[PDB]
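Worksheet: one structure, shown below.
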Amino acid sequence: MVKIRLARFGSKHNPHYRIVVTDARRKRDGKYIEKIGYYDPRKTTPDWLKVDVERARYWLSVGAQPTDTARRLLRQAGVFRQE
Amino acid sequence: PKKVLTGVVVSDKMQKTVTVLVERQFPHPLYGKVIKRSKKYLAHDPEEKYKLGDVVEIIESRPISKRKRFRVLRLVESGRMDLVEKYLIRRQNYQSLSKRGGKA
Amino acid sequence: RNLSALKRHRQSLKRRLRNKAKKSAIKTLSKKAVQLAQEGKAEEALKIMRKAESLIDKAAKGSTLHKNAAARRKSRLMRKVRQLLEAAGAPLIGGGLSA
RNA sequence: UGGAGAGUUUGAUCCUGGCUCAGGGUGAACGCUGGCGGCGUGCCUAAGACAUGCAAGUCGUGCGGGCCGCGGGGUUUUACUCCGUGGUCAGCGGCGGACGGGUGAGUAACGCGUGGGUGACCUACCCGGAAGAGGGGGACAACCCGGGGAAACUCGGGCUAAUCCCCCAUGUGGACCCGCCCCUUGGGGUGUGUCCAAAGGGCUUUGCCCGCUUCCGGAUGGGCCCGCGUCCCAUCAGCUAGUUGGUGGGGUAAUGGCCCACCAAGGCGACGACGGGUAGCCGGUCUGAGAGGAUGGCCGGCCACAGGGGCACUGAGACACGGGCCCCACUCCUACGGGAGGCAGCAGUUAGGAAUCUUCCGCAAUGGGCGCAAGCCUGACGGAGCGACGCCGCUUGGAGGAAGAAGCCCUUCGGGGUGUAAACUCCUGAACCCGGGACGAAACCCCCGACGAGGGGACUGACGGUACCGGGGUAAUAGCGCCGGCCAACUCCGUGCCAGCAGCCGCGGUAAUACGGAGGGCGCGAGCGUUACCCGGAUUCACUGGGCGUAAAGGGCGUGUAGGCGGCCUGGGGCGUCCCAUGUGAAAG
Ligand SMILES: [Mg+2]
Ligand SMILES: [Mg+2]
Ligand SMILES: [Mg+2]
Ligand SMILES: [Mg+2]
Ligand SMILES: [Mg+2]
Ligand SMILES: [Mg+2]
Ligand SMILES: [Mg+2]
Ligand SMILES: [Mg+2]
Ligand SMILES: [Mg+2]
Ligand SMILES: [Mg+2]
Ligand SMILES: [Mg+2]
Ligand SMILES: [Mg+2]
Ligand SMILES: [Mg+2]
Ligand SMILES: [Mg+2]
Ligand SMILES: [Mg+2]
Ligand SMILES: [Mg+2]
Ligand SMILES: [Mg+2]
Ligand SMILES: [Mg+2]
Ligand SMILES: [Mg+2]
Ligand SMILES: [Mg+2]
Ligand SMILES: [Mg+2]
Ligand SMILES: [Mg+2]
Ligand SMILES: [Mg+2]
Ligand SMILES: [Mg+2]
Ligand SMILES: [Mg+2]
Ligand SMILES: [Mg+2]
Ligand SMILES: [Mg+2]
Ligand SMILES: [Mg+2]
Ligand SMILES: [Mg+2]
Ligand SMILES: [Mg+2]
Ligand SMILES: [Mg+2]
Ligand SMILES: [Mg+2]
Ligand SMILES: [Mg+2]
Ligand SMILES: [Mg+2]
Ligand SMILES: [Mg+2]
Ligand SMILES: [Mg+2]
Ligand SMILES: [Mg+2]
Ligand SMILES: [Mg+2]
Ligand SMILES: [Mg+2]
Ligand SMILES: [Mg+2]
Ligand SMILES: [Mg+2]
Ligand SMILES: [Mg+2]
Ligand SMILES: [Mg+2]
Ligand SMILES: [Mg+2]
Ligand SMILES: [Mg+2]
Ligand SMILES: [Mg+2]
Ligand SMILES: [Mg+2]
Ligand SMILES: [Mg+2]
Ligand SMILES: [Mg+2]
Ligand SMILES: [Mg+2]
Ligand SMILES: [Mg+2]
Ligand SMILES: [Mg+2]
Ligand SMILES: [Mg+2]
Ligand SMILES: [Mg+2]
Ligand SMILES: [Mg+2]
Ligand SMILES: [Mg+2]
Ligand SMILES: [Mg+2]
Ligand SMILES: [Mg+2]
Ligand SMILES: [Mg+2]
Ligand SMILES: [Mg+2]
Ligand SMILES: [Mg+2]
Ligand SMILES: [Mg+2]
Ligand SMILES: [Mg+2]
Ligand SMILES: [Mg+2]
Ligand SMILES: [Mg+2]
Ligand SMILES: [Mg+2]
Ligand SMILES: [Mg+2]
Ligand SMILES: [Mg+2]
Ligand SMILES: [Mg+2]
Ligand SMILES: [Mg+2]
Numbered sequence: 329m330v331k332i333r334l335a336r337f338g339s340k341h342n343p344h345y346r347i348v349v350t351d352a353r354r355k356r357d358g359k360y361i362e363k364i365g366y367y368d369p370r371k372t373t374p375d376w377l378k379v380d381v382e383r384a385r386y387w388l389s390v391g392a393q394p395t396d397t398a399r400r401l402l403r404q405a406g407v408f409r410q411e
Numbered sequence: 018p019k020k021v022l023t024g025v026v027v028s029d030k031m032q033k034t035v036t037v038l039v040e041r042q043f044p045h046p047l048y049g050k051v052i053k054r055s056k057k058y059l060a061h062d063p064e065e066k067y068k069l070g071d072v073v074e075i076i077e078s079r080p081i082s083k084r085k086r087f088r089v090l091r092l093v094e095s096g097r098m099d100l101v102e103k104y105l106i107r108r109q110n111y112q113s114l115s116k117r118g119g120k121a
Numbered sequence: 126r127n128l129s130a131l132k133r134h135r136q137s138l139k140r141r142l143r144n145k146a147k148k149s150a151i152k153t154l155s156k157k158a159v160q161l162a163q164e165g166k167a168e169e170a171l172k173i174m175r176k177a178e179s180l181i182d183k184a185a186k187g188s189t190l191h192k193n194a195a196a197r198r199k200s201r202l203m204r205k206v207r208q209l210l211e212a213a214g215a216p217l218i219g220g221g222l223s224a
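Protein chains in written order, with this note's numbering: chain V, 329 to 411; chain W, 18 to 121; chain L, 126 to 224.
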């Protein structure tokens, strides 16, 4: 399909992922369709997860499948909060 | 948009196809002076409608053959063999430039 | 050595035959139908024409033809068949054809 | 926010003019030297040949089995036989193997870049929407029996399940021929006629979960076509016969001489055809005041390739690196008939070369394939290792300390230098020891809620006892080049146109600041030099920004083709030109 997933962008021992929408067949760090957020798993700065829930939802609405963590991150920035 | 070019028919010698000569002025990259330069397009004339020396608009279109990817759209200005003769002398001169020469 | 792309290879040999024979069927039928139209045998040529149209749409159900691959071979066929019964025909059984 | 010039033709001068230097850059190599850490980077040659290991599998929730077990049944008991269940093995079947990873050999090409076209197209999985799954039949492995082969493997007979294959029905709908309608290339509607559907599985079993079928739509990914751009040789000037177009057909998902038959005689070229050479292209990189010049190495995009040459099959997709067939070259097995290979995947070996790494750890993270999931696979990947190869950071101490040791070197014999340097006094405390010890990880899963939103819980770290913190604590590596001018830095001895130096000018012929050593000095410093190459200076191919009376440069002169250029006034168009709005110009840099 087309995926929402993380692309690796930090450096050695210093990981920062970009939450991106891409055809599942690209290399993980290759040309993607759209960035919709980022993620520092080390929580080094107070702003360590950002999403944009509109695009996040757009893509979902055309069945981009999130990975088991992209979905995790997405959730946490209330993408799926429906109330 | 399908590219539309305007040019001069310099060939009737085929069936259902006319050869259009399309010029284009543009300033030269390095030296700046405005240079002419022109290319021949084989264009599709299903009615053998357009004649030698007609000025026609030509349109980008789905392939009709090798070489042919343009069809003749509208007639712009009727007959004028000046441009043709021009193009005709151009090609005639080629007779001289070789290993020999004389009276062309 | 030895994998099980090995399987896939032998698998593909099987399908090769399913297809080969399906496609074979059509040609020999299509020809038949058309050939009978040159002779202007209306009811019978349409009777074959129909069975042809079937194996074509049918081949297409799976990955032998699928597609507009069918629509071509199908179009290509009804054309030559009607054109050829312009030899006094009167589409008898009127099988696969529109009035 | 941006621009330096110098040395060298002469006895001297101005100019012309080449050569050389000062700057920057590097996947480097070579010498002398070498202590620590972080992050990068590392066969430029032979796209030479490759040992060994590992690199793409997975699903028992599609299906039937074989082998080794264990338990429970029918009988009064056994022999037989039925059911349940553990381990394992393949087979059929599904999805994946067309991604990921490697390379730049070929390619001067819509290959690439860029902007468009597609009424000429495809798209598995994924999302949305509409409708549907009713009867019937078949075969081939597995397994069983028999052969041929040394082996790789192979042939024959028989049995059998399925989400395997087929026939009928249902026609939401869809395909096709003809006609009409709008549209305008093959777009969308419509009426007869024909034609085309489906698969089952699992359950905490009437009610959901996973699948299946057809159609429309979306998302992603692609095919093809076009405008413009893309190196050198004209000491390559003519080229072409599927050639150029037409009609009909074949082919494809789709256009097309893509292929074929018949017809016409066309098509391309000085705006460089054809040929020859070289080359993956780009984002970018280096340089430059810029305009330019040079490059395409890490990374990202596209392309092409998988020992060399062809070819199709399977499939949503391949003409298919770790699939198939054939020819060729090479290696290895061989019972002479016949077989087996393909690291430009990770490591590694060998060869070539000035020169280029570990046969490492881990699936903890991120990503991919299959799976309902548990999970499995992943040399993608995350890490570590090696090399001063690069960048950055850091140490080899700090404060005191003589009119000023000793040694070494000058000297006018009075002295001057190395030199606060050393010693020595005090202070701090790289290394080293001791203790604490990470971040990267919270999801999948499970429970509550409804299998949704939301809340609750459990598991998991290769790197690694590393990073970081704390306590303890030793004065603890310095080289390399240069010192005539350019060009920062001068003295003695030695040598005698020798030995030698030298980037260019030039030094050495017995008083050499130019050779070799010494003392001293200059510049950088875990590096310093050399060689190689690119841009710069070089307005030294000059568009910006040069020249041709004598420095190199006016054609021996004409006539004239193409081409370039073109007086005054008015009007039309608006091609160049100018302006506004807008789309594009991914990421990285
Ligand atoms: Mg036959
Ligand atoms: Mg066609
Ligand atoms: Mg002179
Ligand atoms: Mg002189
Ligand atoms: Mg002078
Ligand atoms: Mg000079
Ligand atoms: Mg400069
Ligand atoms: Mg050494
Ligand atoms: Mg390292
Ligand atoms: Mg190489
Ligand atoms: Mg390499
Ligand atoms: Mg393994
Ligand atoms: Mg018993
Ligand atoms: Mg199995
Ligand atoms: Mg690749
Ligand atoms: Mg070229
Ligand atoms: Mg060439
Ligand atoms: Mg092409
Ligand atoms: Mg389109
Ligand atoms: Mg649907
Ligand atoms: Mg049955
Ligand atoms: Mg049976
Ligand atoms: Mg049995
Ligand atoms: Mg046997
Ligand atoms: Mg049999
Ligand atoms: Mg219907
Ligand atoms: Mg129409
Ligand atoms: Mg229609
Ligand atoms: Mg109809
Ligand atoms: Mg039916
Ligand atoms: Mg059921
Ligand atoms: Mg699309
Ligand atoms: Mg011909
Ligand atoms: Mg044709
Ligand atoms: Mg000719
Ligand atoms: Mg090459
Ligand atoms: Mg310049
Ligand atoms: Mg590259
Ligand atoms: Mg090779
Ligand atoms: Mg096929
Ligand atoms: Mg291989
Ligand atoms: Mg091997
Ligand atoms: Mg060697
Ligand atoms: Mg993993
Ligand atoms: Mg994973
Ligand atoms: Mg001191
Ligand atoms: Mg102390
Ligand atoms: Mg302390
Ligand atoms: Mg897990
Ligand atoms: Mg519950
Ligand atoms: Mg939760
Ligand atoms: Mg000391
Ligand atoms: Mg000086
Ligand atoms: Mg001597
Ligand atoms: Mg040099
Ligand atoms: Mg002397
Ligand atoms: Mg002398
Ligand atoms: Mg000296
Ligand atoms: Mg010197
Ligand atoms: Mg220049
Ligand atoms: Mg000059
Ligand atoms: Mg002269
Ligand atoms: Mg003269
Ligand atoms: Mg002369
Ligand atoms: Mg003239
Ligand atoms: Mg004028
Ligand atoms: Mg003019
Ligand atoms: Mg005017
Ligand atoms: Mg204009
Ligand atoms: Mg950018």
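Quick reminder that beta carbons are idealized off the backbone N, C-alpha and C, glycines included.
**OP:** Evaluate the contact criterion for the segment 49-63 of chain W versus the segment 387-402 of chain V: three or more CB pairs, one atom per stretch, below 8 Å.
**Re:** no
Counting pairs of beta carbons, one from the segment 84-92 of chain W and one from the segment 108-121 of chain W, are three or more of them closer than 8 Å?
no
Identify whether L/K199 lies in helix, strand or coil by the three-state DSSP scheme. Residue 199 of chain L sits at position 74 when you count from the first residue of the third sequence. In the structure shown, L/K199 sits in a helix (DSSP, three-state: H, G or I).
Kindly list the residues whose CB is nearer than 6 Å to the CB of L/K132, restricted to its own chain and excluding five residues on each side of it in sequence; keep chain order. Reading the third sequence from its first residue, position 7 is the one you call residue 132 of chain L. Result list for L/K132: empty, nothing under 6 Å.
ask   = What is the rounded straight-line gap between the Cα of W/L69 and the Cα of W/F43?
value = On the second sequence, position 52 is the one that residue 69 of chain W refers to. On the second sequence, position 26 is the one that residue 43 of chain W refers to. Rounded to whole angstroms, W/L69 to W/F43 spans 27 Å at the Cα level.
Check V/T397 in the structure and name its three-state DSSP category.
-> Numbered from 1 along the first sequence, position 69 holds the residue referred to as residue 397 of chain V. It is coil, neither helix nor strand.
Checklist entry - Straight-line CA distance for L/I218 to L/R141? => result Translated into the one-based positions of the third sequence, residue 218 of chain L becomes position 93. Translated into the one-based positions of the third sequence, residue 141 of chain L becomes position 16. Each residue's alpha carbon lies about 36 Å from the other.
Is the segment 368-386 of chain V in contact with the segment 330-347 of chain V, if contact means three or more CB pairs nearer than 8 Å?
yes
ask   = Along the chain, where does the beta strand (DSSP E) that runs through V/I364 open and close?
value = Within the first sequence, numbered from 1, the residue matching residue 364 of chain V stands at position 36. Taken as a continuous stretch (DSSP letters only), the beta strand (DSSP E) holding V/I364 covers 362-367.
L/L180 to W/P80 span [Cα, whole Å]: Start at 1 with the first residue of the third sequence, and residue 180 of chain L comes out as number 55. Start at 1 with the first residue of the second sequence, and residue 80 of chain W comes out as number 63. Cα-Cα distance, rounded: 33 Å.
| message | Once the 5 residues before and after V/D351 are set aside, which same chain residues still bring their CB inside 6 Å of it? | response | The sequence position of residue 351 of chain V within the first sequence is 23, counting from 1. These residues qualify, in order along the chain: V330.
| request: Would you please state the rounded distance, in angstroms, between the beta carbons of L/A185 and L/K192? I believe it to be under 8 Å. | output: Locating residue 185 of chain L in the third sequence gives position 60, where the first residue counts as 1. Locating residue 192 of chain L in the third sequence gives position 67, where the first residue counts as 1. Yes, L/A185 and L/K192 are in contact; Cβ-Cβ is about 7 Å, under 8 Å.
Note to self: Within a Cβ cutoff of 7 Å, which residues of the same chain sit near V/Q404, ignoring the five residues on either side of it in sequence?
What the structure shows: Position 76 of the first sequence, counting from 1, holds the residue named residue 404 of chain V. Excluding positions up to five away in sequence, the list reads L377.
**Request:** Count the other C-beta atoms from every protein chain shown that fall within 10 angstroms of the C-beta of W/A121, then say buried if there are 16 or more, exposed otherwise.
**Result:** Taking the first residue of the second sequence as 1, we reach residue 121 of chain W at position 104. Classification of W/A121: exposed, given that the 10 Å Cβ count is below 16.
Check: For L/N127, does the three-state DSSP call read helix, strand or coil?
Finding: For the purposes of this step, residue 127 of chain L is taken as residue 2 along the third sequence, with counting starting at 1. Looking at L/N127 - three-state DSSP - the assignment turns out to be coil, as it is neither helix nor strand.
According to DSSP, is W/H61 helix, strand or coil? Start at 1 with the first residue of the second sequence, and residue 61 of chain W comes out as number 44. Correct three-state label for W/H61: strand.
| field | Ranges of the alpha helix (DSSP H) found wholly within the segment 143-215 of chain L, counting only runs of at least 4 | value | 167-184, 192-209
By the 10 Å Cβ neighbour count, where 16 or more other Cβ atoms means buried, how is L/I151 classified, buried or exposed?
Counting from one through the third sequence, the residue named residue 151 of chain L turns up at place 26. Per the 10 Å Cβ criterion, buried.
Report task. Within 10 angstroms of the Cβ of L/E178, are there 16 or more other Cβ atoms? Answer buried if so, exposed if not. Result -> Within the third sequence, numbered from 1, the residue matching residue 178 of chain L stands at position 53. L/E178 should be labelled buried.
- [ ] Within the same chain, show all residues whose beta-carbon is closer than 6 Å to that of W/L100, passing over the 5 residues directly before and after it, in chain order.
- [x] The residue given as residue 100 of chain W occupies position 83 in the second sequence. Within the same chain, W/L100 has close Cβ partners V25.
Task: Cβ separation of W/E77 and W/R86, assumed to be a contact under 8 Å, to the nearest whole Å - done: The count along the second sequence starts at 1 and reaches residue 77 of chain W at position 60. The count along the second sequence starts at 1 and reaches residue 86 of chain W at position 69. Confirmed, Cβ separation roughly 7 Å.
Cβ atoms of L/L210 and L/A158: under 8 Å apart, would you say? Counted from its first residue, the third sequence places residue 158 of chain L at position 33. Counted from its first residue, the third sequence places residue 210 of chain L at position 85. Against a cut-off of 8 Å, the Cβ pair of L/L210 and L/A158 comes out as no contact.
Exercise for the section: Evaluate L/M174 with the Cβ neighbour count: other Cβ atoms within 10 Å of its Cβ, from every protein chain shown; 16 or more gives buried, anything less gives exposed. Expected result: Your numbering for residue 174 of chain L matches position 49 in the third sequence. With 16 or more other Cβ atoms within 10 Å, it is buried.
ask   = Between the Cα of W/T36 and the Cα atoms of W/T23, W/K19, W/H45, W/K50, which residue gives the shortest distance?
value = What you label residue 36 of chain W is simply residue 19 of the second sequence in a count that begins at 1. When each option's Cα is compared against that of W/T36, the closest is W/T23.
**Request:** Look at the Cβ atom of V/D357, then the Cβ atom of V/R336, and state whether they are nearer than 8 Å.
**Result:** On the first sequence, position 29 is the one that residue 357 of chain V refers to. On the first sequence, position 8 is the one that residue 336 of chain V refers to. Going by C-beta atoms, V/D357 is nearer than 8 Å to V/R336.
- Item | Range of the contiguous beta strand (DSSP E) that encloses V/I347 | Numbered from 1 along the first sequence, position 19 holds the residue referred to as residue 347 of chain V. That run of the beta strand (DSSP E) goes 345-351.
Just the Cα atoms here: how many angstroms apart are W/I106 and W/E64? Working through the second sequence from its first residue, we reach residue 106 of chain W at position 89. Working through the second sequence from its first residue, we reach residue 64 of chain W at position 47. Roughly 29 Å separates the two Cα atoms.
Point to revise | Minimum C-alpha distance to W/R108 - residue among W/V72, W/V27, W/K20, W/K19 | key: Start at 1 with the first residue of the second sequence, and residue 108 of chain W comes out as number 91. Of the candidates W/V72, W/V27, W/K20, W/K19, the one whose C-alpha sits nearest the C-alpha of W/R108 is W/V27.
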